[PDB]
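Each remark here refers to the structure printed beneath this line.
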Amino acid sequence: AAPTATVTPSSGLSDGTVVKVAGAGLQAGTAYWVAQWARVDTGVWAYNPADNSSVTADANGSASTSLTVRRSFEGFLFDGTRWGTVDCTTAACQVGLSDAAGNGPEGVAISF
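According to mature numbering (1 follows the signal peptide of the UniProt record, and there is no 0), the sequence shown holds residues 1 to 112 in order.
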């Protein structure tokens with residue numbers, strides 16, 4: 001089963017909204033980082049470190065947790081580098097689950 005991700009709600013969001021993030025077809029036993037992202041340049045994605053969560057897939061490859069989304073946030077690169085302000089009203093933000101290798105379900109688009 002190919003890994004899939006679900007975010008509810010995902011559209012018509014307000015800043016500080018708490019969304020339910022669910023994953024399926026994940027690698028059982030593997031921990032996934034649950035964060036809000038935005039592709040800010042070719043090959044460059046910045047995420048929101050101020051609101052993070054992580055969940056571990058069960059024996060069936062499923063997991064779920066909560067994530068507080070932000071209309072705008074101070075974006076950072078996964079290596080700890082500060083990127084800059086990301087405005088999700090203009091940029092195409094997403095919520096994603098990624099393992100230690102950077103793999104996982106396709107990011108889920110969200111809108112404010």
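In this text, a Cβ means the ideal position worked out from N, Cα and C, and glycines have one as well.
Identity of the residue in the options nearest residue i by Cα
i	options	result
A22	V7, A28, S54	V7
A50	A28, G61, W37, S62	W37
DSSP bridge partner residues for residue i (one or two, in chain order)
i	result
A5	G23
Beta-carbon proximity check, residue i vs residue j, cutoff 9 Å
i	j	result
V19	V95	yes
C88	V108	no
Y32	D99	yes
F112	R82	no
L97	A63	yes
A35	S11	no
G104	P3	yes
Contact test: residue i Cβ vs the ligand FAD heavy atom, cutoff 8 Å
i	result
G16	Because no ligand of any kind appears in the structure shown, any question about the ligand FAD cannot be addressed here.
Start and end residues, beta strand (DSSP E) containing residue i
i	result
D87	82-87
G96	93-98
Taking only runs that begin and end inside the segment 12-76, name each unbroken beta strand (DSSP E) of 3 or more residues, in chain order. As for any beta strand (DSSP E) of minimum length 3 sitting wholly inside the segment 12-76, the runs are 18-24, 31-41, 44-47, 53-56, 63-68, 72-76, ordered along the chain.
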